[PDB]
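Below is target.txt, holding compact mmCIF, C-alpha atoms and all ligand atoms.
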# COMPACT_ATOMS: atom_id res chain seq x y z
CA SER A 14 72.80 -12.56 -71.44
CA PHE A 15 71.47 -15.85 -70.02
CA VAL A 16 68.96 -16.67 -72.81
CA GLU A 17 71.80 -18.38 -74.69
CA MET A 18 71.81 -20.99 -71.92
CA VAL A 19 68.06 -21.52 -71.76
CA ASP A 20 67.05 -25.06 -72.72
CA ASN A 21 70.69 -26.31 -72.95
CA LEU A 22 70.01 -29.65 -71.21
CA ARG A 23 68.66 -32.79 -72.88
CA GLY A 24 68.12 -36.30 -71.56
CA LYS A 25 66.29 -39.57 -71.80
CA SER A 26 63.95 -40.01 -68.81
CA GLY A 27 65.56 -41.56 -65.73
CA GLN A 28 68.97 -41.54 -67.46
CA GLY A 29 70.20 -38.06 -66.49
CA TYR A 30 70.37 -34.53 -67.83
CA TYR A 31 73.40 -33.59 -69.93
CA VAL A 32 74.87 -30.40 -71.38
CA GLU A 33 77.12 -30.10 -74.46
CA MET A 34 80.83 -29.43 -73.88
CA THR A 35 84.00 -29.26 -75.97
CA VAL A 36 87.41 -30.32 -74.71
CA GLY A 37 90.83 -30.10 -76.31
CA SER A 38 92.35 -28.13 -79.18
CA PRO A 39 90.86 -28.58 -81.70
CA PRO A 40 87.48 -28.72 -79.89
CA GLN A 41 86.11 -32.23 -79.40
CA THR A 42 82.40 -32.32 -78.62
CA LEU A 43 80.84 -34.46 -75.88
CA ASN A 44 77.58 -34.72 -73.96
CA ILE A 45 78.34 -34.40 -70.24
CA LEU A 46 75.98 -35.48 -67.45
CA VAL A 47 75.30 -32.65 -64.98
CA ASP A 48 75.73 -34.04 -61.44
CA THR A 49 75.43 -32.00 -58.20
CA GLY A 50 76.21 -35.17 -56.21
CA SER A 51 79.89 -35.48 -57.11
CA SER A 52 82.87 -33.25 -57.84
CA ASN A 53 84.97 -34.90 -60.58
CA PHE A 54 84.93 -33.92 -64.24
CA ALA A 55 85.45 -37.13 -66.19
CA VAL A 56 84.91 -38.32 -69.77
CA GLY A 57 85.16 -41.58 -71.65
CA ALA A 58 88.55 -41.77 -73.36
CA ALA A 59 88.47 -45.28 -74.84
CA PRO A 60 85.92 -47.31 -76.83
CA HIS A 61 82.96 -48.78 -74.91
CA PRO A 62 79.81 -50.54 -76.18
CA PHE A 63 77.59 -47.73 -74.78
CA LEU A 64 79.86 -44.91 -76.02
CA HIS A 65 79.32 -43.48 -79.48
CA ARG A 66 82.28 -41.09 -79.16
CA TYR A 67 84.99 -40.28 -76.66
CA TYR A 68 87.80 -37.95 -75.72
CA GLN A 69 91.02 -38.48 -77.66
CA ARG A 70 93.99 -37.07 -75.78
CA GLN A 71 96.25 -38.01 -78.71
CA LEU A 72 94.56 -35.37 -80.92
CA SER A 73 94.49 -32.41 -78.47
CA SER A 74 97.46 -30.06 -78.68
CA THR A 75 96.52 -28.63 -75.29
CA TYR A 76 96.37 -31.93 -73.37
CA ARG A 77 98.70 -32.26 -70.38
CA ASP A 78 99.25 -35.52 -68.53
CA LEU A 79 99.18 -35.34 -64.73
CA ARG A 80 100.75 -38.82 -64.33
CA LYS A 81 98.39 -39.82 -61.51
CA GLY A 82 95.66 -42.45 -61.54
CA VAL A 83 92.14 -41.88 -60.24
CA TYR A 84 88.91 -43.77 -59.60
CA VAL A 85 85.46 -42.68 -58.44
CA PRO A 86 82.94 -45.15 -57.00
CA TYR A 87 79.31 -44.01 -57.05
CA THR A 88 76.29 -45.49 -55.22
CA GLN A 89 76.63 -48.37 -57.66
CA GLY A 90 78.76 -48.23 -60.75
CA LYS A 91 82.30 -46.88 -60.93
CA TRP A 92 85.17 -45.93 -63.25
CA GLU A 93 88.95 -45.56 -63.18
CA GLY A 94 91.20 -43.44 -65.35
CA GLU A 95 94.15 -41.12 -65.80
CA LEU A 96 94.18 -37.48 -64.63
CA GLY A 97 95.14 -34.66 -67.00
CA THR A 98 94.19 -31.10 -67.93
CA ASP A 99 92.95 -29.49 -71.16
CA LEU A 100 90.97 -26.48 -72.35
CA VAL A 101 87.20 -26.82 -71.95
CA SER A 102 84.23 -24.91 -73.36
CA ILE A 103 80.47 -24.97 -73.00
CA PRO A 104 79.01 -23.97 -76.40
CA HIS A 105 75.57 -23.08 -74.97
CA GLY A 106 77.10 -21.61 -71.84
CA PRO A 107 79.24 -18.63 -70.92
CA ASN A 108 81.60 -17.59 -73.70
CA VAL A 109 84.86 -18.56 -71.95
CA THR A 110 87.56 -21.24 -71.99
CA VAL A 111 89.08 -22.70 -68.83
CA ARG A 112 91.95 -25.08 -68.29
CA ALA A 113 90.32 -27.77 -66.18
CA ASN A 114 91.18 -31.07 -64.57
CA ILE A 115 89.85 -34.05 -66.57
CA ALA A 116 89.89 -37.73 -65.67
CA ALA A 117 90.17 -39.79 -68.87
CA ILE A 118 87.96 -42.82 -68.17
CA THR A 119 89.72 -45.95 -69.46
CA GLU A 120 87.99 -48.71 -67.46
CA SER A 121 84.48 -48.56 -66.03
CA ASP A 122 81.77 -50.78 -64.55
CA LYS A 123 78.00 -50.10 -64.52
CA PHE A 124 78.67 -46.39 -65.15
CA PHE A 125 77.84 -45.57 -68.77
CA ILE A 126 74.20 -46.08 -69.75
CA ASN A 127 72.94 -47.77 -72.90
CA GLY A 128 71.22 -45.04 -74.93
CA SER A 129 71.66 -42.23 -72.37
CA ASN A 130 73.50 -40.23 -75.09
CA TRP A 131 76.09 -38.86 -72.63
CA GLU A 132 79.75 -39.85 -72.49
CA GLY A 133 81.10 -38.01 -69.42
CA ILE A 134 80.18 -36.50 -66.06
CA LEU A 135 80.44 -32.96 -64.58
CA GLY A 136 80.57 -33.10 -60.78
CA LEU A 137 79.26 -29.72 -59.61
CA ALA A 138 79.90 -30.19 -55.87
CA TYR A 139 82.82 -28.97 -53.76
CA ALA A 140 86.45 -30.11 -53.58
CA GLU A 141 85.98 -31.85 -50.21
CA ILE A 142 84.38 -34.88 -51.91
CA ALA A 143 86.69 -34.93 -54.95
CA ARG A 144 88.76 -38.04 -55.69
CA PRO A 145 91.54 -39.02 -55.14
CA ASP A 146 91.65 -36.18 -52.59
CA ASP A 147 90.33 -32.68 -52.07
CA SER A 148 93.29 -30.95 -53.92
CA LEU A 149 91.90 -31.70 -57.41
CA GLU A 150 90.08 -28.45 -58.24
CA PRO A 151 86.61 -29.42 -59.54
CA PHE A 152 85.44 -27.95 -62.82
CA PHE A 153 83.31 -25.14 -61.43
CA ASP A 154 86.00 -23.93 -59.03
CA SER A 155 88.31 -23.70 -62.05
CA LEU A 156 85.68 -21.78 -64.08
CA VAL A 157 85.18 -19.18 -61.34
CA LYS A 158 88.92 -18.68 -60.69
CA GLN A 159 89.97 -18.27 -64.34
CA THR A 160 87.05 -16.19 -65.68
CA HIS A 161 84.59 -13.51 -64.57
CA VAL A 162 81.62 -15.92 -64.34
CA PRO A 163 80.04 -15.36 -60.89
CA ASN A 164 80.14 -18.18 -58.36
CA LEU A 165 76.67 -19.63 -58.77
CA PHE A 166 74.54 -21.66 -61.19
CA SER A 167 70.90 -22.67 -61.38
CA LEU A 168 69.15 -25.79 -62.70
CA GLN A 169 65.73 -26.08 -64.28
CA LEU A 170 64.91 -29.77 -64.87
CA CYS A 171 61.71 -30.55 -66.80
CA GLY A 172 59.92 -33.89 -66.59
CA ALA A 173 58.67 -36.23 -69.29
CA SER A 185 62.38 -37.20 -73.97
CA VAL A 186 63.38 -34.49 -71.39
CA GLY A 187 65.07 -31.09 -71.44
CA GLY A 188 66.00 -28.22 -69.17
CA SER A 189 68.32 -25.30 -68.48
CA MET A 190 71.63 -24.84 -66.67
CA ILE A 191 72.14 -21.10 -66.20
CA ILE A 192 75.87 -20.81 -65.49
CA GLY A 193 76.80 -17.69 -63.57
CA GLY A 194 73.39 -16.29 -62.73
CA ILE A 195 69.65 -16.49 -62.39
CA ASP A 196 67.17 -16.20 -65.26
CA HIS A 197 64.02 -14.68 -63.89
CA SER A 198 61.83 -15.95 -66.76
CA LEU A 199 62.48 -19.58 -65.74
CA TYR A 200 60.38 -19.36 -62.51
CA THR A 201 57.26 -17.84 -60.95
CA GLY A 202 56.78 -16.53 -57.43
CA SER A 203 59.68 -15.83 -55.13
CA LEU A 204 62.90 -17.75 -54.62
CA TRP A 205 63.17 -19.32 -51.13
CA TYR A 206 66.70 -20.00 -49.84
CA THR A 207 68.06 -22.62 -47.47
CA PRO A 208 71.63 -22.59 -46.09
CA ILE A 209 74.25 -24.96 -47.43
CA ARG A 210 75.17 -26.59 -44.11
CA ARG A 211 78.65 -27.72 -45.20
CA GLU A 212 80.48 -27.30 -48.53
CA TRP A 213 81.07 -30.88 -49.58
CA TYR A 214 77.80 -32.14 -51.01
CA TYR A 215 75.02 -29.59 -51.37
CA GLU A 216 73.89 -30.35 -47.83
CA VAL A 217 70.68 -28.90 -46.41
CA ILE A 218 68.54 -29.45 -43.31
CA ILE A 219 64.98 -30.72 -43.61
CA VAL A 220 63.13 -29.48 -40.52
CA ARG A 221 59.64 -30.93 -40.97
CA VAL A 222 57.94 -33.49 -43.23
CA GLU A 223 54.22 -33.60 -44.02
CA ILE A 224 52.17 -36.02 -46.09
CA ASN A 225 48.79 -34.72 -47.29
CA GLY A 226 49.10 -32.00 -44.68
CA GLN A 227 49.67 -34.52 -41.88
CA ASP A 228 52.93 -34.10 -40.01
CA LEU A 229 55.01 -37.28 -39.89
CA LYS A 230 55.87 -36.25 -36.29
CA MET A 231 59.38 -37.67 -36.12
CA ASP A 232 62.40 -36.28 -34.34
CA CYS A 233 63.65 -34.03 -37.11
CA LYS A 234 67.18 -35.44 -36.71
CA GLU A 235 65.70 -38.49 -38.46
CA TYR A 236 65.20 -36.43 -41.62
CA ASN A 237 68.92 -35.57 -41.87
CA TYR A 238 70.50 -38.81 -40.60
CA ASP A 239 73.25 -38.71 -41.47
CA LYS A 240 72.82 -35.99 -44.08
CA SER A 241 70.35 -34.48 -46.54
CA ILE A 242 71.68 -33.41 -49.95
CA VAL A 243 70.48 -32.04 -53.31
CA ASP A 244 71.69 -34.41 -56.04
CA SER A 245 70.79 -33.82 -59.71
CA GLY A 246 72.66 -37.02 -60.57
CA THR A 247 70.25 -39.37 -58.75
CA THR A 248 66.75 -40.07 -59.98
CA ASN A 249 64.98 -40.99 -56.75
CA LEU A 250 64.03 -39.30 -53.54
CA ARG A 251 66.01 -41.40 -51.07
CA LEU A 252 64.96 -41.33 -47.40
CA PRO A 253 66.65 -42.68 -44.25
CA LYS A 254 65.22 -46.06 -43.25
CA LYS A 255 62.96 -44.90 -40.43
CA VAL A 256 61.70 -41.90 -42.46
CA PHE A 257 61.11 -44.16 -45.48
CA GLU A 258 59.11 -46.71 -43.47
CA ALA A 259 57.05 -43.88 -41.99
CA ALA A 260 56.47 -42.33 -45.42
CA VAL A 261 55.58 -45.61 -47.21
CA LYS A 262 53.07 -46.38 -44.47
CA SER A 263 51.31 -43.07 -45.04
CA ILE A 264 51.31 -43.46 -48.83
CA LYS A 265 50.08 -47.07 -48.59
CA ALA A 266 47.23 -45.90 -46.36
CA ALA A 267 46.26 -42.97 -48.60
CA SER A 268 46.04 -45.26 -51.66
CA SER A 269 44.51 -48.39 -50.09
CA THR A 270 41.51 -48.06 -52.48
CA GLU A 271 43.67 -50.05 -54.91
CA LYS A 272 46.11 -52.90 -54.44
CA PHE A 273 49.79 -52.93 -55.44
CA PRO A 274 52.44 -55.65 -55.29
CA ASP A 275 54.69 -55.22 -52.25
CA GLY A 276 57.52 -55.30 -54.79
CA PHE A 277 56.11 -52.06 -56.16
CA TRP A 278 56.87 -50.28 -52.87
CA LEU A 279 60.50 -51.44 -53.27
CA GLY A 280 60.81 -50.16 -56.84
CA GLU A 281 61.02 -53.62 -58.43
CA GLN A 282 57.57 -54.06 -60.05
CA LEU A 283 55.72 -51.52 -62.15
CA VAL A 284 52.08 -50.56 -61.75
CA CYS A 285 49.82 -50.00 -64.73
CA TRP A 286 46.43 -48.51 -65.43
CA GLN A 287 44.42 -48.18 -68.60
CA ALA A 288 45.85 -45.10 -70.36
CA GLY A 289 44.59 -41.78 -69.02
CA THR A 290 42.98 -43.50 -65.99
CA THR A 291 45.85 -43.11 -63.53
CA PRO A 292 44.16 -42.58 -60.15
CA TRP A 293 46.30 -39.56 -59.26
CA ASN A 294 43.89 -38.42 -56.53
CA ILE A 295 44.71 -41.34 -54.19
CA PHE A 296 48.44 -40.57 -53.97
CA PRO A 297 49.39 -37.90 -51.40
CA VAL A 298 51.47 -34.78 -51.77
CA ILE A 299 54.72 -34.72 -49.77
CA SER A 300 55.93 -31.51 -48.18
CA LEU A 301 59.57 -31.00 -47.31
CA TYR A 302 60.17 -28.04 -44.99
CA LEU A 303 63.68 -26.63 -45.41
CA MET A 304 65.60 -24.44 -43.02
CA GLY A 305 65.20 -20.76 -43.89
CA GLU A 306 67.52 -17.77 -43.82
CA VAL A 307 66.24 -16.05 -40.64
CA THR A 308 65.91 -17.34 -37.08
CA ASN A 309 62.98 -19.68 -36.53
CA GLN A 310 61.97 -19.42 -40.21
CA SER A 311 61.46 -22.13 -42.84
CA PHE A 312 59.74 -22.69 -46.18
CA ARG A 313 58.24 -25.79 -47.77
CA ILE A 314 58.36 -27.51 -51.14
CA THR A 315 55.42 -29.64 -52.19
CA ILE A 316 55.98 -32.72 -54.37
CA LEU A 317 53.12 -34.11 -56.38
CA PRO A 318 52.68 -37.84 -57.00
CA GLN A 319 53.49 -37.17 -60.68
CA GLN A 320 57.07 -36.54 -59.50
CA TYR A 321 57.64 -39.63 -57.32
CA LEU A 322 55.62 -41.94 -59.64
CA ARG A 323 58.01 -41.96 -62.55
CA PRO A 324 56.67 -43.16 -65.94
CA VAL A 325 58.23 -46.13 -67.78
CA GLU A 326 57.78 -48.24 -70.93
CA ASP A 327 54.80 -50.60 -71.15
CA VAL A 328 56.05 -54.19 -70.78
CA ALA A 329 52.97 -55.49 -72.66
CA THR A 330 51.71 -54.61 -76.15
CA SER A 331 49.25 -52.15 -74.56
CA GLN A 332 48.99 -48.40 -74.26
CA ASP A 333 48.52 -48.72 -70.49
CA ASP A 334 50.28 -46.05 -68.45
CA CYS A 335 52.92 -47.72 -66.26
CA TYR A 336 54.89 -46.24 -63.38
CA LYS A 337 57.81 -47.08 -61.08
CA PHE A 338 57.87 -45.98 -57.43
CA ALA A 339 60.72 -43.45 -57.24
CA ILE A 340 60.98 -43.16 -53.45
CA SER A 341 63.64 -45.57 -52.17
CA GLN A 342 65.21 -46.47 -48.83
CA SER A 343 68.64 -45.09 -47.92
CA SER A 344 71.45 -45.67 -45.46
CA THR A 345 73.52 -42.66 -46.54
CA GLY A 346 70.95 -39.95 -45.67
CA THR A 347 68.25 -38.11 -47.60
CA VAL A 348 68.86 -37.52 -51.31
CA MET A 349 66.63 -34.97 -53.02
CA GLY A 350 67.11 -36.33 -56.52
CA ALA A 351 66.03 -35.38 -60.01
CA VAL A 352 62.50 -36.43 -59.08
CA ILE A 353 62.38 -33.67 -56.44
CA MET A 354 64.07 -31.00 -58.57
CA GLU A 355 61.72 -31.29 -61.60
CA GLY A 356 58.99 -29.16 -60.16
CA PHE A 357 61.45 -26.39 -59.39
CA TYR A 358 64.05 -23.81 -60.32
CA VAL A 359 67.01 -24.55 -58.06
CA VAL A 360 69.70 -21.89 -57.52
CA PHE A 361 73.09 -23.08 -56.28
CA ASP A 362 74.28 -19.77 -54.80
CA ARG A 363 77.76 -20.93 -53.86
CA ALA A 364 78.91 -17.32 -53.32
CA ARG A 365 76.28 -16.81 -50.59
CA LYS A 366 76.36 -20.44 -49.28
CA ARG A 367 72.69 -21.08 -50.04
CA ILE A 368 70.28 -22.97 -52.31
CA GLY A 369 67.11 -21.37 -53.67
CA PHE A 370 63.87 -23.05 -54.71
CA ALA A 371 61.04 -21.60 -56.77
CA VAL A 372 58.20 -23.01 -58.83
CA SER A 373 59.58 -23.69 -62.30
CA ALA A 374 58.13 -22.44 -65.57
CA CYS A 375 57.87 -26.14 -66.53
CA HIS A 376 56.14 -27.36 -63.37
CA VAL A 377 54.29 -30.68 -63.28
CA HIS A 378 50.53 -30.31 -63.77
CA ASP A 379 47.84 -32.04 -61.73
CA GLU A 380 44.15 -31.39 -62.29
CA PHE A 381 43.43 -30.11 -58.75
CA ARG A 382 46.84 -29.85 -57.07
CA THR A 383 50.01 -27.92 -57.75
CA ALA A 384 53.65 -28.11 -56.81
CA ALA A 385 54.61 -25.19 -54.61
CA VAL A 386 57.30 -23.31 -52.75
CA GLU A 387 55.62 -21.50 -49.85
CA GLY A 388 56.85 -19.30 -47.02
CA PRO A 389 57.60 -18.01 -44.56
CA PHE A 390 56.94 -20.62 -41.88
CA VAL A 391 57.96 -20.44 -38.26
CA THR A 392 59.78 -23.53 -37.00
CA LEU A 393 61.27 -23.63 -33.52
CA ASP A 394 64.64 -25.27 -32.73
CA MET A 395 65.71 -25.84 -36.32
CA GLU A 396 69.32 -26.19 -35.14
CA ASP A 397 68.48 -29.44 -33.30
CA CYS A 398 67.54 -31.04 -36.63
CA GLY A 399 71.06 -31.36 -37.98
CA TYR A 400 72.75 -34.64 -37.17
CA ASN A 401 76.19 -34.74 -35.56
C1 LIG B 501 69.70 -45.97 -56.83
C2 LIG B 501 71.03 -45.95 -57.51
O1 LIG B 501 71.81 -46.88 -57.37
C3 LIG B 501 71.41 -44.78 -58.35
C4 LIG B 501 70.49 -44.26 -59.25
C5 LIG B 501 70.81 -43.16 -60.03
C6 LIG B 501 72.07 -42.57 -59.90
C7 LIG B 501 73.00 -43.08 -59.00
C8 LIG B 501 72.66 -44.19 -58.22
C9 LIG B 501 74.36 -42.47 -58.85
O2 LIG B 501 75.27 -43.10 -58.33
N1 LIG B 501 74.54 -41.22 -59.31
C10 LIG B 501 75.82 -40.53 -59.22
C11 LIG B 501 75.76 -39.39 -58.19
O3 LIG B 501 77.03 -38.75 -58.09
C12 LIG B 501 75.32 -39.89 -56.82
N2 LIG B 501 75.77 -38.94 -55.79
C13 LIG B 501 75.94 -39.53 -54.45
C14 LIG B 501 77.27 -40.27 -54.27
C15 LIG B 501 77.31 -41.63 -54.00
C16 LIG B 501 78.53 -42.26 -53.85
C17 LIG B 501 79.70 -41.55 -53.97
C18 LIG B 501 79.68 -40.19 -54.24
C19 LIG B 501 81.01 -39.44 -54.34
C20 LIG B 501 81.83 -39.94 -55.51
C21 LIG B 501 80.86 -37.93 -54.40
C22 LIG B 501 78.46 -39.55 -54.40
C23 LIG B 501 75.74 -38.63 -53.22
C24 LIG B 501 74.62 -39.56 -53.62
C25 LIG B 501 76.22 -39.96 -60.58
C26 LIG B 501 75.90 -40.88 -61.72
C27 LIG B 501 76.76 -41.92 -62.06
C28 LIG B 501 76.47 -42.76 -63.11
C29 LIG B 501 75.31 -42.59 -63.85
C30 LIG B 501 74.45 -41.56 -63.52
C31 LIG B 501 74.74 -40.70 -62.47
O4 LIG B 501 73.29 -41.33 -64.25
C32 LIG B 501 72.25 -42.29 -64.17
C33 LIG B 501 70.98 -41.53 -64.26
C34 LIG B 501 70.39 -41.37 -62.89
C35 LIG B 501 70.01 -42.69 -62.33
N3 LIG B 501 69.87 -42.64 -60.90

Kindly present the structure from the file in structure tokens form.
Ligand SMILES: CC(=O)c1cc2cc(c1)C(=O)N[C@H]([C@H](O)CNC1(c3cccc(C(C)C)c3)CC1)Cc1cccc(c1)OCCCCN2
Amino acid sequence: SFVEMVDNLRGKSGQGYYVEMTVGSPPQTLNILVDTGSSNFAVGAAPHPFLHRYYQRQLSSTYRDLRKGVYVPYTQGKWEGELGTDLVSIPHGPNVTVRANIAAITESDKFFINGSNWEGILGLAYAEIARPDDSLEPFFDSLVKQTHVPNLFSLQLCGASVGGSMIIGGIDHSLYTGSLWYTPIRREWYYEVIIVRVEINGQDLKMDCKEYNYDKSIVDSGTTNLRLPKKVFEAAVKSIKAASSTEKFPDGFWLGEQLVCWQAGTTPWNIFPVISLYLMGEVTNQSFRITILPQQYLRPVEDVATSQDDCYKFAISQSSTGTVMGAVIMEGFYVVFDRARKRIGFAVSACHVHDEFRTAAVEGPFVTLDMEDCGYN
């Protein structure tokens, strides 16, 4: 019955994927950003320059005030508001209605995006990282308790403006090719995984694999970039610089500040390497790898000049909070969040990025010794 949910995500490139939801009685309709890197369901509830509509508690005959304040700070950008509950639906989702916690955003800073077309956020992670504390049941925990929807969901994000699918409660086998490869969820707070090996153009980075997961590695649909721990980032940028030394780039390009442009249709794709992330498998000593093409970590942007040059931002950035496999990483793939079986599945998506001679891939099995030593404590 999942075809009703196929293609239910829209977005403007780099500004997040959203699904359509209704809250309150009568139903008020909002576009909600789908975020696996947080756990709070929150909507705008007061006018804002970048909001074209918002939740009106006054008009919902099912609203209930919880008389507690709340705030969530993200990587950068933050909001505060007032907790409450109300009935919630997903028109292009399962045909159910749940009473769910909602934070009515009343003040915010650098959170809403000009022209993103979404007005709220759906944190799909676990209660442990909910604010103010872990006793505020996140939306998906409420959905699974109060209905018969099974405890998993899958995301198919398609690159560029953009679209995709959120299959709530199951797997749609027509959204991927090949087999699904699963990696354990190490701890139920973020969607935390263990990268066990990293290769660039088939060349192992040869780092202590604890470096890959220092201090964590997570799957985060709410962040554009692939974010790497400092030492892994420096190692990776060195190998990408070397592979593409045929041409010259500003050093501010490697920091994500300056674009790079080529005459339309002449992007030298062949000089940027593929990146392989090996993920811990489901059986002893076993792993699988996902291959990222340059078309995923060179994200397209708007031409600053009056040209039709193709221009790109570098979407690999340095991190101090661990590895983030962001929307950039997820676009090649169908990603199953099998909460019921504590695992995350990857497969090549039906809408996979296309290179002339290379292809994104999910390949296995691989044998990897001592995968347990790769998690950071
Ligand atoms: C580089 C940068 O600055 C940056 C860039 C991007 C997102 C975020 C930060 C961002 O902050 N994205 C948040 C996610 O939740 C982030 N998740 C993490 C996080 C960080 C701090 C605190 C928490 C708690 C609250 C669980 C969680 C775990 C990483 C969710 C989010 C908030 C506001 C707008 C968003 C998206 O759309 C923008 C489109 C995507 C743009 N790309």

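Using all atoms listed in the file, the residues found no farther than 9 Å from residue A:127, other than those of its own chain fewer than 4 positions away, are residues 62, 63 and 64 of chain A.
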
Ligand LIG 501 (chain B) neighbours within 6 Å using only C-alpha atoms and all ligand atoms, as a compact mmCIF listing (two decimals) with C-alpha atoms, in the coordinates of the input:
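Result file follows (result-v6.txt):
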# COMPACT_ATOMS: atom_id res chain seq x y z
CA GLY A 27 65.56 -41.56 -65.73
CA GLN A 28 68.97 -41.54 -67.46
CA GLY A 29 70.20 -38.06 -66.49
CA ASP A 48 75.73 -34.04 -61.44
CA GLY A 50 76.21 -35.17 -56.21
CA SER A 51 79.89 -35.48 -57.11
CA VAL A 85 85.46 -42.68 -58.44
CA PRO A 86 82.94 -45.15 -57.00
CA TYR A 87 79.31 -44.01 -57.05
CA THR A 88 76.29 -45.49 -55.22
CA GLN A 89 76.63 -48.37 -57.66
CA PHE A 124 78.67 -46.39 -65.15
CA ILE A 142 84.38 -34.88 -51.91
CA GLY A 246 72.66 -37.02 -60.57
CA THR A 247 70.25 -39.37 -58.75
CA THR A 248 66.75 -40.07 -59.98

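Our summary of the geometry notes that atom CA of residue A:136 is positioned 26.1 Å from atom CA of residue A:198.
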
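Of note, atom CA of residue A:188 and atom CA of residue A:20 are spaced 4.9 Å apart.
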
Self-check item: Spatial sel., origin (86.2, -39.8, -72.7), limit 7 Å, all atoms listed in the file, listed as a list in words
Solution: residues 56, 57, 58, 59, 67, 68, 117, 118, 132 and 133 of chain A

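Residue nearest residue A:308, chosen from A:114, A:392, A:373, A:167 and counting only C-alpha atoms: A:392.
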
Quiz item: Taking into account all atoms listed in the file, which residue in the set A:396, A:341, A:107, A:116 is nearest to residue A:93?
Solution: A:116

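For the residues A:384, A:279, A:284, A:218, ranking by smallest atom-to-atom distance to residue A:348 using all atoms listed in the file places A:218 first.
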
Any chance you could work out the axis-aligned box around stretch 111-116 of chain A, listed atoms only, 8 Å on each side, giving centre and edge lengths in Å to one decimal, as AutoDock Vina command-line options?
--center_x 90.5 --center_y -30.2 --center_z -66.7 --size_x 18.9 --size_y 31.0 --size_z 20.3

Quiz prompt | Point-to-point distance from atom CA of residue A:193 to atom CA of residue A:320, Å rounded to tenths | solution = 27.6 Å
